[PDB]
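What follows is a set of notes on a single structure, which appears directly below.
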Amino acid sequence: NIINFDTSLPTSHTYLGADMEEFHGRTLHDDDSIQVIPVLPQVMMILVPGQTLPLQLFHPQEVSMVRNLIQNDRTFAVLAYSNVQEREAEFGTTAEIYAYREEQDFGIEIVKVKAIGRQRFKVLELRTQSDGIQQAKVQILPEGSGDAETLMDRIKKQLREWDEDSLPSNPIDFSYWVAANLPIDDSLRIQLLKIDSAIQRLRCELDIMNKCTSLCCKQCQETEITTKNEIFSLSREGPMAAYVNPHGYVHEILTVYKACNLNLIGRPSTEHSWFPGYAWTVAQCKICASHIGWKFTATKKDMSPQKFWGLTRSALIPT
Ligand SMILES: O=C1C[C@]2(CCN(S(=O)(=O)NC3CCN(CCNC(=O)c4cccc(-c5cn6cc(C(=O)NC7CCC7)ccc6n5)c4)CC3)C2)C(=O)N1
Ligand SMILES: [Zn+2]
């Protein structure tokens with residue numbers, strides 16, 4: 001309930017690298033325009049405009065694609081797969097690289113990037129080259145706003161009950177902040193993205209956060225892991241942010257203060273820690289033993305909070 005922590009520290013993704021080449025030029029595709037944007041193969045998430053996405057690529061094809069993209073408009077396509085295994089996606093969001101680093105070592109050539117969601121699109125064609133790089137023929141969607149600040153002042157009211165402003169004031173920007181930080185599942189995330197007007201998004205987004213109770217283990221159905229009132233915001237991105245592990249896997253985690261039915265595996269560690277100053281420990285379900293997230297404990301008595309949890313969306317479902 002008290003915070004001694006640079007909340008703007010997790011957004012920097014210091015674990016990735018000390019200093020990376022920043023990029024300031026901004027590409028924004030005109031409304032209803034048809035573009036050919038390449039797709040990163042391993043990324044399997046629902047990206048929201050403004051959501052930051054970190055990446056660590058080791059395959060020579062991914063390195064060759066992003067090395068090429070850096071010299072151009074630095075924009076790749078993140079599809080919102082309707083079925084993950086079937087590669088079936090009809091919508092998606094563009095991602096613009098704003099940070100980049102070329103590290104060798106480990107015998108391989110690596111590229112670490114930090115992208116951010118820009119604009120949604122409707123997929124027209126999804127064609128794969130002979131090498132393997134997937135290219136997407138997409139149609140940029142238009143961004144409608146509207147006059148309904150009462151809806152924003154109602155979202156902000158229930159948001160502050162679960163955690164104690166500094167939120168976006170733009171009705172459009174705030175509509176996507178809510179879409180990226182609410183503990184909703186993928187199917188609901190797509191419904192928010194398919195919505196065109198911010199008024200519909202904000203009016204809809206009000207409808208779910210009243211029907212959202214608690215989060216339970218996916219493999220277990222009825223194992224209450226945390227409630228909608230334990231949400232803690234330790235980052236400027238909010239209570240929901242994406243972080244990449246040493247292997248390159250992106251985890252969309254949620255920061256909560258109290259969690260139940262969780263077993264910690266081993267002793268705390270500070271290696272590659274996503275929250276500088278804290279140590280991590282693998283948290284597992286008590287019954288089914290499926291990985292739920294990580295327990296973060298402070299390494300100093302001067303900082304606060306002393307403990308919190310970061311659980312991934314892929315292991316939890318609302319109930
Ligand atoms: O603050 C933060 C938070 C964290 C801290 C670190 N994480 S974590 O995501 O890395 N680890 C978590 C914990 C492990 N997983 C749950 C349990 N295991 C499983 O279910 C499971 C099932 C089947 C296969 C495997 C598996 C593990 N293997 C490791 C290697 C490898 O090369 N090992 C060497 C290099 C290190 C020695 C190779 C093959 C491989 N197969 C595992 C979930 C991921 C995030 C961070 O990075 N920063
Ligand atoms: Zn379980």
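So you can find residues: chains in the structure tokens are A, B, ... in the order shown, residues in each start at 1, and ligands are numbered from 1 in order.
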- Can I get the residues close to ligand 1 as a PyMOL selection string, where close means within 7 Å and we count only C-alpha atoms and all ligand atoms? chain A and resi 244-247+271-275+280+282+290-291+294
Export, as an mmCIF file, in the first residue's frame, the selected residues with N, CA and C atoms.
data_model
loop_
_atom_site.group_PDB
_atom_site.id
_atom_site.type_symbol
_atom_site.label_atom_id
_atom_site.label_comp_id
_atom_site.auth_asym_id
_atom_site.auth_seq_id
_atom_site.Cartn_x
_atom_site.Cartn_y
_atom_site.Cartn_z
ATOM 1 N N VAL A 244 10.198 -9.991 -21.667
ATOM 2 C CA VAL A 244 10.813 -11.099 -22.388
ATOM 3 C C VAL A 244 11.854 -11.758 -21.491
ATOM 4 N N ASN A 245 11.885 -13.085 -21.509
ATOM 5 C CA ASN A 245 12.828 -13.868 -20.721
ATOM 6 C C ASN A 245 14.129 -14.046 -21.492
ATOM 7 N N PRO A 246 15.166 -14.620 -20.866
ATOM 8 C CA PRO A 246 16.420 -14.843 -21.608
ATOM 9 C C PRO A 246 16.252 -15.666 -22.874
ATOM 10 N N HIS A 247 15.288 -16.587 -22.908
ATOM 11 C CA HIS A 247 15.072 -17.432 -24.076
ATOM 12 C C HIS A 247 14.380 -16.705 -25.223
ATOM 13 N N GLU A 271 18.656 -12.650 -11.327
ATOM 14 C CA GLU A 271 19.157 -12.683 -12.694
ATOM 15 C C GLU A 271 18.053 -12.307 -13.676
ATOM 16 N N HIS A 272 18.363 -11.384 -14.592
ATOM 17 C CA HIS A 272 17.446 -10.986 -15.665
ATOM 18 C C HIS A 272 16.125 -10.451 -15.118
ATOM 19 N N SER A 273 16.147 -9.913 -13.898
ATOM 20 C CA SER A 273 14.916 -9.513 -13.227
ATOM 21 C C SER A 273 14.235 -8.373 -13.971
ATOM 22 N N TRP A 274 12.922 -8.506 -14.171
ATOM 23 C CA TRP A 274 12.152 -7.492 -14.882
ATOM 24 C C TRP A 274 11.873 -6.263 -14.032
ATOM 25 N N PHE A 275 11.976 -6.380 -12.712
ATOM 26 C CA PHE A 275 11.765 -5.258 -11.799
ATOM 27 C C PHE A 275 13.054 -5.020 -11.026
ATOM 28 N N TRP A 280 13.077 -12.706 -8.112
ATOM 29 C CA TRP A 280 11.965 -13.501 -8.613
ATOM 30 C C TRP A 280 12.037 -14.936 -8.104
ATOM 31 N N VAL A 282 9.752 -18.735 -9.116
ATOM 32 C CA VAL A 282 8.707 -19.342 -9.934
ATOM 33 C C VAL A 282 7.545 -19.766 -9.045
ATOM 34 N N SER A 290 0.796 -26.275 -12.637
ATOM 35 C CA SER A 290 1.093 -25.525 -13.849
ATOM 36 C C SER A 290 1.625 -24.145 -13.489
ATOM 37 N N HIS A 291 2.612 -23.684 -14.253
ATOM 38 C CA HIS A 291 3.236 -22.397 -13.972
ATOM 39 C C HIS A 291 2.226 -21.267 -14.115
ATOM 40 N N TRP A 294 5.396 -15.480 -11.210
ATOM 41 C CA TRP A 294 6.567 -15.327 -10.360
ATOM 42 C C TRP A 294 6.210 -14.480 -9.151
#
Could you give me, as a short mmCIF file (atom, residue, chain, number, x, y, z; two decimals) with N, CA, C and O atoms, in the first residue's frame, each residue of segment 67-250 of chain A that DSSP assigns to strand (DSSP E) when run on this structure's backbone?
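Wrote states24.cif, looks like this:
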data_model
loop_
_atom_site.label_atom_id
_atom_site.label_comp_id
_atom_site.auth_asym_id
_atom_site.auth_seq_id
_atom_site.Cartn_x
_atom_site.Cartn_y
_atom_site.Cartn_z
N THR A 75 8.59 -1.04 -38.81
CA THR A 75 7.24 -1.44 -38.44
C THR A 75 6.99 -2.86 -38.90
O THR A 75 7.15 -3.17 -40.09
N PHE A 76 6.61 -3.73 -37.96
CA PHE A 76 6.19 -5.09 -38.27
C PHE A 76 4.76 -5.29 -37.79
O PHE A 76 4.20 -4.48 -37.05
N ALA A 77 4.16 -6.40 -38.23
CA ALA A 77 2.75 -6.68 -37.98
C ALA A 77 2.61 -7.75 -36.90
O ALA A 77 3.24 -8.81 -36.99
N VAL A 78 1.79 -7.47 -35.90
CA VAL A 78 1.50 -8.40 -34.82
C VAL A 78 0.04 -8.82 -34.98
O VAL A 78 -0.88 -8.05 -34.66
N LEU A 79 -0.17 -10.03 -35.47
CA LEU A 79 -1.52 -10.51 -35.74
C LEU A 79 -2.21 -10.94 -34.45
O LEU A 79 -1.59 -11.46 -33.53
N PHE A 91 -7.69 -9.80 -37.80
CA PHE A 91 -7.33 -8.47 -37.34
C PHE A 91 -5.88 -8.47 -36.85
O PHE A 91 -5.16 -9.46 -37.00
N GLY A 92 -5.47 -7.37 -36.26
CA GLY A 92 -4.11 -7.25 -35.76
C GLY A 92 -3.75 -5.80 -35.52
O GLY A 92 -4.53 -4.88 -35.78
N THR A 93 -2.54 -5.61 -35.00
CA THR A 93 -2.02 -4.28 -34.69
C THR A 93 -0.59 -4.17 -35.20
O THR A 93 0.18 -5.13 -35.13
N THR A 94 -0.25 -2.99 -35.70
CA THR A 94 1.11 -2.70 -36.13
C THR A 94 1.98 -2.38 -34.92
O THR A 94 1.51 -1.86 -33.91
N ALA A 95 3.27 -2.69 -35.04
CA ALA A 95 4.24 -2.46 -33.98
C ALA A 95 5.43 -1.71 -34.55
O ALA A 95 6.01 -2.13 -35.55
N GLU A 96 5.80 -0.61 -33.90
CA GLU A 96 6.87 0.26 -34.37
C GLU A 96 8.05 0.18 -33.42
O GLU A 96 7.93 0.52 -32.24
N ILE A 97 9.20 -0.25 -33.94
CA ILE A 97 10.41 -0.35 -33.14
C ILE A 97 10.89 1.05 -32.77
O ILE A 97 11.06 1.91 -33.64
N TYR A 98 11.10 1.28 -31.47
CA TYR A 98 11.69 2.53 -31.01
C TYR A 98 13.03 2.34 -30.31
O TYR A 98 13.65 3.33 -29.92
N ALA A 99 13.48 1.10 -30.13
CA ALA A 99 14.77 0.83 -29.50
C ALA A 99 15.34 -0.45 -30.10
O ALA A 99 14.60 -1.37 -30.45
N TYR A 100 16.67 -0.49 -30.21
CA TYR A 100 17.32 -1.54 -30.98
C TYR A 100 18.75 -1.71 -30.49
O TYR A 100 19.41 -0.73 -30.13
N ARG A 101 19.23 -2.95 -30.49
CA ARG A 101 20.60 -3.25 -30.09
C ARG A 101 21.04 -4.53 -30.80
O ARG A 101 20.25 -5.47 -30.93
N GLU A 102 22.29 -4.55 -31.23
CA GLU A 102 22.88 -5.69 -31.92
C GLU A 102 24.00 -6.25 -31.05
O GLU A 102 25.10 -5.69 -31.00
N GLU A 103 23.71 -7.36 -30.37
CA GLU A 103 24.67 -8.05 -29.52
C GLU A 103 25.08 -9.36 -30.18
O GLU A 103 24.24 -10.07 -30.74
N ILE A 110 22.35 -11.66 -32.09
CA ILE A 110 21.08 -11.40 -31.42
C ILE A 110 20.68 -9.96 -31.71
O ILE A 110 21.52 -9.09 -31.92
N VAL A 111 19.37 -9.72 -31.72
CA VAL A 111 18.81 -8.38 -31.85
C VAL A 111 17.74 -8.21 -30.78
O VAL A 111 16.77 -8.98 -30.74
N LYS A 112 17.91 -7.21 -29.92
CA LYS A 112 16.93 -6.87 -28.90
C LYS A 112 16.23 -5.58 -29.30
O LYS A 112 16.89 -4.57 -29.57
N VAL A 113 14.90 -5.62 -29.37
CA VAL A 113 14.10 -4.47 -29.76
C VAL A 113 13.03 -4.21 -28.72
O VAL A 113 12.63 -5.09 -27.96
N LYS A 114 12.56 -2.96 -28.70
CA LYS A 114 11.41 -2.55 -27.91
C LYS A 114 10.45 -1.84 -28.86
O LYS A 114 10.72 -0.71 -29.29
N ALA A 115 9.35 -2.50 -29.20
CA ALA A 115 8.35 -1.93 -30.09
C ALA A 115 7.15 -1.42 -29.29
O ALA A 115 7.04 -1.63 -28.08
N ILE A 116 6.26 -0.73 -29.99
CA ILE A 116 5.05 -0.18 -29.38
C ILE A 116 3.92 -0.23 -30.40
O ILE A 116 4.12 0.07 -31.58
N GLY A 117 2.74 -0.61 -29.93
CA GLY A 117 1.59 -0.69 -30.82
C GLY A 117 1.19 0.68 -31.33
O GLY A 117 1.18 1.67 -30.59
N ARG A 118 0.87 0.74 -32.63
CA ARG A 118 0.52 2.00 -33.28
C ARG A 118 -0.91 1.98 -33.81
O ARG A 118 -1.76 2.71 -33.30
N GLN A 119 -1.20 1.17 -34.83
CA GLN A 119 -2.50 1.21 -35.49
C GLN A 119 -3.01 -0.20 -35.74
O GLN A 119 -2.23 -1.10 -36.05
N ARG A 120 -4.32 -0.38 -35.61
CA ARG A 120 -4.95 -1.66 -35.90
C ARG A 120 -5.13 -1.83 -37.41
O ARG A 120 -5.07 -0.88 -38.18
N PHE A 121 -5.36 -3.08 -37.82
CA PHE A 121 -5.56 -3.37 -39.23
C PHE A 121 -6.43 -4.61 -39.38
O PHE A 121 -6.52 -5.45 -38.48
N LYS A 122 -7.06 -4.72 -40.54
CA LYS A 122 -7.79 -5.91 -40.94
C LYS A 122 -6.98 -6.65 -42.00
O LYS A 122 -6.58 -6.06 -43.00
N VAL A 123 -6.73 -7.94 -41.75
CA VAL A 123 -5.89 -8.71 -42.65
C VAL A 123 -6.64 -8.99 -43.95
O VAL A 123 -7.81 -9.37 -43.93
N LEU A 124 -5.96 -8.77 -45.08
CA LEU A 124 -6.50 -9.14 -46.39
C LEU A 124 -5.88 -10.44 -46.88
O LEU A 124 -6.59 -11.41 -47.14
N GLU A 125 -4.56 -10.47 -47.02
CA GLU A 125 -3.83 -11.67 -47.38
C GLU A 125 -2.75 -11.94 -46.35
O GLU A 125 -2.23 -11.02 -45.71
N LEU A 126 -2.41 -13.22 -46.18
CA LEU A 126 -1.36 -13.64 -45.25
C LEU A 126 -0.52 -14.68 -45.98
O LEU A 126 -0.83 -15.88 -45.97
N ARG A 127 0.55 -14.22 -46.62
CA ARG A 127 1.33 -15.02 -47.53
C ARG A 127 2.75 -15.20 -46.98
O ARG A 127 3.35 -14.25 -46.48
N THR A 128 3.26 -16.43 -47.07
CA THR A 128 4.54 -16.79 -46.48
C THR A 128 5.56 -17.03 -47.59
O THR A 128 5.30 -17.77 -48.54
N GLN A 134 6.78 -14.27 -42.82
CA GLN A 134 5.37 -14.10 -43.17
C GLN A 134 5.10 -12.63 -43.46
O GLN A 134 5.40 -11.75 -42.65
N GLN A 135 4.52 -12.36 -44.63
CA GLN A 135 4.18 -11.02 -45.06
C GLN A 135 2.66 -10.85 -45.05
O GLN A 135 1.92 -11.74 -45.47
N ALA A 136 2.21 -9.69 -44.57
CA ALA A 136 0.79 -9.44 -44.37
C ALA A 136 0.34 -8.26 -45.21
O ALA A 136 0.91 -7.17 -45.13
N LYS A 137 -0.70 -8.48 -46.03
CA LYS A 137 -1.38 -7.42 -46.75
C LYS A 137 -2.54 -6.94 -45.88
O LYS A 137 -3.53 -7.66 -45.72
N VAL A 138 -2.41 -5.74 -45.32
CA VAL A 138 -3.32 -5.28 -44.27
C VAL A 138 -4.00 -3.99 -44.70
O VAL A 138 -3.57 -3.31 -45.63
N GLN A 139 -5.09 -3.67 -44.01
CA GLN A 139 -5.86 -2.46 -44.23
C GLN A 139 -5.95 -1.68 -42.93
O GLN A 139 -6.57 -2.16 -41.97
N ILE A 140 -5.36 -0.49 -42.90
CA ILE A 140 -5.34 0.32 -41.69
C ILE A 140 -6.75 0.77 -41.35
O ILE A 140 -7.48 1.29 -42.20
N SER A 214 -12.80 -12.58 -10.35
CA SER A 214 -11.48 -13.03 -9.94
C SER A 214 -10.87 -13.89 -11.04
O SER A 214 -11.54 -14.28 -12.00
N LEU A 215 -9.59 -14.19 -10.88
CA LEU A 215 -8.82 -14.96 -11.85
C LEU A 215 -8.45 -16.31 -11.25
O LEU A 215 -8.02 -16.39 -10.10
N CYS A 216 -8.62 -17.36 -12.05
CA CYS A 216 -8.35 -18.72 -11.60
C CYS A 216 -7.38 -19.40 -12.56
O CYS A 216 -7.18 -18.96 -13.69
N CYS A 217 -6.78 -20.48 -12.07
CA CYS A 217 -5.83 -21.24 -12.88
C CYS A 217 -6.53 -21.85 -14.09
O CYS A 217 -7.64 -22.37 -13.99
N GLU A 224 -9.05 -20.27 -7.30
CA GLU A 224 -8.96 -18.82 -7.17
C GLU A 224 -7.53 -18.39 -6.84
O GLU A 224 -7.05 -18.64 -5.73
N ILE A 225 -6.85 -17.77 -7.80
CA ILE A 225 -5.47 -17.35 -7.60
C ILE A 225 -5.40 -15.93 -7.04
O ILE A 225 -4.64 -15.66 -6.11
N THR A 226 -6.19 -15.01 -7.59
CA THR A 226 -6.21 -13.64 -7.11
C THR A 226 -7.56 -13.02 -7.45
O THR A 226 -8.31 -13.53 -8.28
N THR A 227 -7.85 -11.90 -6.80
CA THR A 227 -9.11 -11.18 -6.98
C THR A 227 -8.86 -9.85 -7.66
O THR A 227 -7.73 -9.35 -7.72
N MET A 240 -0.59 -4.21 -16.22
CA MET A 240 -0.39 -5.24 -17.23
C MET A 240 0.71 -4.79 -18.17
O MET A 240 0.61 -3.72 -18.79
N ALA A 241 1.77 -5.59 -18.28
CA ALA A 241 2.88 -5.26 -19.16
C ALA A 241 3.51 -6.55 -19.68
O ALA A 241 3.32 -7.63 -19.11
N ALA A 242 4.26 -6.41 -20.76
CA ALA A 242 4.93 -7.53 -21.40
C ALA A 242 6.42 -7.47 -21.13
O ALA A 242 7.03 -6.39 -21.21
N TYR A 243 7.00 -8.62 -20.81
CA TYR A 243 8.44 -8.73 -20.59
C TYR A 243 8.94 -10.01 -21.25
O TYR A 243 8.20 -10.99 -21.36
N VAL A 244 10.20 -9.99 -21.67
CA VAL A 244 10.81 -11.10 -22.39
C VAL A 244 11.85 -11.76 -21.49
O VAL A 244 12.61 -11.08 -20.78
N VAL A 250 7.92 -13.95 -24.69
CA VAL A 250 7.24 -12.77 -24.19
C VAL A 250 6.13 -13.20 -23.24
O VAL A 250 5.31 -14.07 -23.58
#
- Item | Neighbour list for segment 296-311 of chain A as a ChimeraX atom specification, cut-off 6 Å, only C-alpha atoms, skip fewer than 2 positions in-chain | /A:2-4,253-257,278-280,292-294
May I have the residues from that selection written out with N, CA, C and O atoms, as a compact mmCIF listing (two decimals), in the first residue's frame?
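Output contents, as saved in selection.txt:
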# COMPACT_ATOMS: atom_id res chain seq x y z
N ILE A 2 2.18 1.05 0.13
CA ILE A 2 3.17 2.12 0.05
C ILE A 2 4.23 1.69 -0.95
O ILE A 2 4.57 0.50 -1.03
N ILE A 3 4.74 2.64 -1.73
CA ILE A 3 5.64 2.33 -2.84
C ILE A 3 6.92 3.13 -2.69
O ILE A 3 6.91 4.36 -2.72
N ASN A 4 8.03 2.42 -2.52
CA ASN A 4 9.38 2.95 -2.68
C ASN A 4 9.93 2.20 -3.89
O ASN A 4 10.49 1.11 -3.76
N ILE A 253 2.28 -10.20 -18.11
CA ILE A 253 2.07 -10.47 -16.69
C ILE A 253 1.20 -9.38 -16.08
O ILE A 253 1.09 -8.26 -16.59
N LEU A 254 0.56 -9.73 -14.97
CA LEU A 254 -0.26 -8.81 -14.19
C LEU A 254 0.30 -8.73 -12.78
O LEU A 254 0.57 -9.77 -12.15
N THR A 255 0.49 -7.51 -12.28
CA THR A 255 1.10 -7.29 -10.97
C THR A 255 0.00 -7.21 -9.92
O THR A 255 -0.81 -6.28 -9.92
N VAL A 256 -0.03 -8.19 -9.02
CA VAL A 256 -0.97 -8.22 -7.90
C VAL A 256 -0.18 -8.26 -6.60
O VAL A 256 1.00 -8.60 -6.57
N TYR A 257 -0.86 -7.89 -5.51
CA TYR A 257 -0.21 -7.83 -4.21
C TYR A 257 -0.36 -9.13 -3.42
O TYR A 257 0.58 -9.54 -2.72
N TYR A 278 14.27 -6.08 -7.15
CA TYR A 278 13.53 -7.21 -6.62
C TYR A 278 14.11 -8.52 -7.14
O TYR A 278 14.86 -8.55 -8.12
N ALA A 279 13.75 -9.60 -6.46
CA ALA A 279 14.15 -10.95 -6.83
C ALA A 279 12.92 -11.77 -7.18
O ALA A 279 11.84 -11.57 -6.60
N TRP A 280 13.08 -12.71 -8.11
CA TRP A 280 11.96 -13.50 -8.61
C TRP A 280 12.04 -14.94 -8.10
O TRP A 280 13.10 -15.44 -7.72
N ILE A 292 2.11 -20.45 -13.07
CA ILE A 292 1.20 -19.32 -13.05
C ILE A 292 1.94 -18.00 -13.22
O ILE A 292 1.47 -17.11 -13.94
N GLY A 293 3.09 -17.85 -12.57
CA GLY A 293 3.85 -16.63 -12.68
C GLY A 293 5.11 -16.62 -11.84
O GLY A 293 5.82 -17.62 -11.75
N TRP A 294 5.40 -15.48 -11.21
CA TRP A 294 6.57 -15.33 -10.36
C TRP A 294 6.21 -14.48 -9.15
O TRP A 294 5.45 -13.52 -9.26
- Message: as a VMD selection string, please: every protein or nucleic acid residue near ligand 2 (cut-off 6 Å, counting only C-alpha atoms and all ligand atoms).
- Response: chain A and resid 217 219 to 220 285 287 to 290
- Coordinates-based distance that separates atom CA of residue 218 of chain A from atom CA of residue 39 of chain A (Å, one decimal): 28.3 Å
- 10 Å contact set for residue 178 of chain A, only C-alpha atoms, chain neighbours under 2 positions out, as a PyMOL selection string: chain A and resi 48+152+155-156+159+167-168+173-176+180-183+192+201-202+205-206+209+238+240
Just the selected residues (N, CA, C and O atoms), exported as a CSV table (one decimal), in the first residue's frame, please.
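Writing the result to result_26.csv gives the following:
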chain,number,residue,atom,x,y,z
A,48,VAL,N,-2.1,-4.1,-28.5
A,48,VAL,CA,-3.0,-2.9,-28.5
A,48,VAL,C,-2.2,-1.7,-28.8
A,48,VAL,O,-1.0,-1.5,-28.4
A,152,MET,N,-15.4,7.8,-19.3
A,152,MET,CA,-14.1,7.8,-18.8
A,152,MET,C,-14.0,8.0,-17.3
A,152,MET,O,-13.2,7.4,-16.6
A,155,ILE,N,-15.0,4.7,-15.6
A,155,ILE,CA,-13.9,3.8,-15.6
A,155,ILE,C,-12.9,4.2,-14.6
A,155,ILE,O,-12.4,3.4,-13.9
A,156,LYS,N,-12.5,5.5,-14.6
A,156,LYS,CA,-11.5,6.0,-13.7
A,156,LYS,C,-12.0,5.8,-12.2
A,156,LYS,O,-11.1,5.6,-11.3
A,159,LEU,N,-11.6,2.1,-11.5
A,159,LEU,CA,-10.2,1.7,-11.5
A,159,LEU,C,-9.5,2.1,-10.3
A,159,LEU,O,-8.6,1.4,-9.8
A,167,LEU,N,-3.4,8.9,-15.7
A,167,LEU,CA,-3.9,8.1,-16.8
A,167,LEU,C,-4.1,8.9,-18.0
A,167,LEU,O,-4.1,10.2,-17.9
A,168,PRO,N,-4.2,8.3,-19.2
A,168,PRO,CA,-4.4,9.1,-20.4
A,168,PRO,C,-5.7,9.9,-20.4
A,168,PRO,O,-6.7,9.4,-19.9
A,173,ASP,N,-6.8,7.4,-26.6
A,173,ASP,CA,-5.7,6.7,-25.9
A,173,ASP,C,-6.1,6.0,-24.6
A,173,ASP,O,-5.7,4.9,-24.4
A,174,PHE,N,-7.0,6.6,-23.9
A,174,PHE,CA,-7.5,6.0,-22.6
A,174,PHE,C,-8.3,4.7,-23.0
A,174,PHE,O,-8.4,3.8,-22.2
A,175,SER,N,-9.0,4.7,-24.1
A,175,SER,CA,-9.8,3.5,-24.5
A,175,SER,C,-8.8,2.3,-24.7
A,175,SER,O,-9.2,1.2,-24.5
A,176,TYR,N,-7.6,2.5,-25.3
A,176,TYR,CA,-6.7,1.4,-25.5
A,176,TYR,C,-5.9,1.1,-24.3
A,176,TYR,O,-5.5,-0.1,-24.1
A,180,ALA,N,-5.7,-2.8,-22.8
A,180,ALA,CA,-4.4,-3.5,-22.6
A,180,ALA,C,-4.1,-3.8,-21.2
A,180,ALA,O,-3.2,-4.7,-20.9
A,181,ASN,N,-4.8,-3.2,-20.2
A,181,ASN,CA,-4.5,-3.4,-18.8
A,181,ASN,C,-5.6,-4.1,-18.0
A,181,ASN,O,-5.5,-4.4,-16.8
A,182,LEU,N,-6.7,-4.4,-18.7
A,182,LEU,CA,-7.8,-5.1,-17.9
A,182,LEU,C,-7.5,-6.6,-17.9
A,182,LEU,O,-7.1,-7.2,-18.9
A,183,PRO,N,-7.8,-7.3,-16.8
A,183,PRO,CA,-7.6,-8.8,-16.7
A,183,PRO,C,-8.7,-9.6,-17.5
A,183,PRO,O,-9.4,-10.4,-16.9
A,192,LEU,N,-12.8,-5.9,-28.2
A,192,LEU,CA,-12.4,-4.5,-28.0
A,192,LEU,C,-11.7,-3.9,-29.2
A,192,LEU,O,-11.9,-2.8,-29.6
A,201,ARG,N,-15.9,1.3,-27.4
A,201,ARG,CA,-14.9,0.7,-26.6
A,201,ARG,C,-15.1,1.1,-25.1
A,201,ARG,O,-15.2,0.2,-24.2
A,202,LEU,N,-15.2,2.4,-24.8
A,202,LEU,CA,-15.3,2.8,-23.4
A,202,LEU,C,-16.6,2.3,-22.8
A,202,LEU,O,-16.6,1.8,-21.7
A,205,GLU,N,-16.1,-1.4,-22.4
A,205,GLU,CA,-15.1,-1.6,-21.3
A,205,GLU,C,-15.7,-1.5,-20.0
A,205,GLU,O,-15.3,-2.2,-19.0
A,206,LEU,N,-16.6,-0.5,-19.8
A,206,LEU,CA,-17.4,-0.4,-18.6
A,206,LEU,C,-18.2,-1.7,-18.3
A,206,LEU,O,-18.3,-2.2,-17.2
A,209,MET,N,-15.7,-4.8,-16.9
A,209,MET,CA,-15.1,-4.6,-15.5
A,209,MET,C,-16.1,-4.7,-14.4
A,209,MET,O,-15.7,-4.8,-13.2
A,238,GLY,N,1.2,0.3,-16.5
A,238,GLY,CA,0.0,0.0,-15.7
A,238,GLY,C,0.2,-1.4,-15.0
A,238,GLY,O,1.3,-1.9,-14.9
A,240,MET,N,-0.6,-4.2,-16.2
A,240,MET,CA,-0.4,-5.2,-17.2
A,240,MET,C,0.7,-4.8,-18.2
A,240,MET,O,0.6,-3.7,-18.8
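Using only C-alpha atoms, the shortest contact distance between residue 163 of chain A and any of A:66, A:234, A:283, A:316 is found at A:234.
As for atom CA of residue 147 of chain A and atom CA of residue 30 of chain A, they are spaced 23.3 Å apart.
Minimum atom-to-atom distance to residue 223 of chain A, evaluated using only C-alpha atoms, belongs to A:319 out of A:166, A:319, A:11, A:269.
One distance worth recording is that between atom CA of residue 313 of chain A and atom CA of residue 52 of chain A, which is 15.9 Å.
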- Item | Nearby residues (only C-alpha atoms) at most 10 Å from residue 248 of chain A, same-chain spacing under 4 positions excluded, as a ChimeraX atom specification | /A:42-43,54-58,112,243-244
For the residues selected in the previous step, produce a file with C-alpha atoms as a short mmCIF file (atom, residue, chain, number, x, y, z; two decimals), in the first residue's frame.
data_model
loop_
_atom_site.label_atom_id
_atom_site.label_comp_id
_atom_site.auth_asym_id
_atom_site.auth_seq_id
_atom_site.Cartn_x
_atom_site.Cartn_y
_atom_site.Cartn_z
CA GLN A 42 7.19 -16.25 -32.92
CA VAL A 43 5.12 -13.35 -31.56
CA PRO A 54 9.90 -6.29 -25.91
CA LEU A 55 11.59 -8.86 -28.10
CA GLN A 56 14.76 -10.96 -28.21
CA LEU A 57 15.40 -12.72 -31.52
CA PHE A 58 18.04 -15.38 -32.15
CA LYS A 112 16.93 -6.87 -28.90
CA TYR A 243 8.44 -8.73 -20.59
CA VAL A 244 10.81 -11.10 -22.39
#
- Which residues come within 9 Å of residue 10 of chain A, counting only C-alpha atoms, excluding same-chain residues fewer than 2 positions away, as a ChimeraX atom specification? /A:6-8,12-14,234-237,241,274-276
- Which of segment 141-314 of chain A counts as alpha helix (DSSP H) under DSSP, as an MDAnalysis selection string please? chainID A and resid 149:162 171:181 186:194 198:209
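Take the candidates A:212, A:53, A:204, A:18 and check each one against residue 317 of chain A using only C-alpha atoms; the shortest distance goes to A:212.
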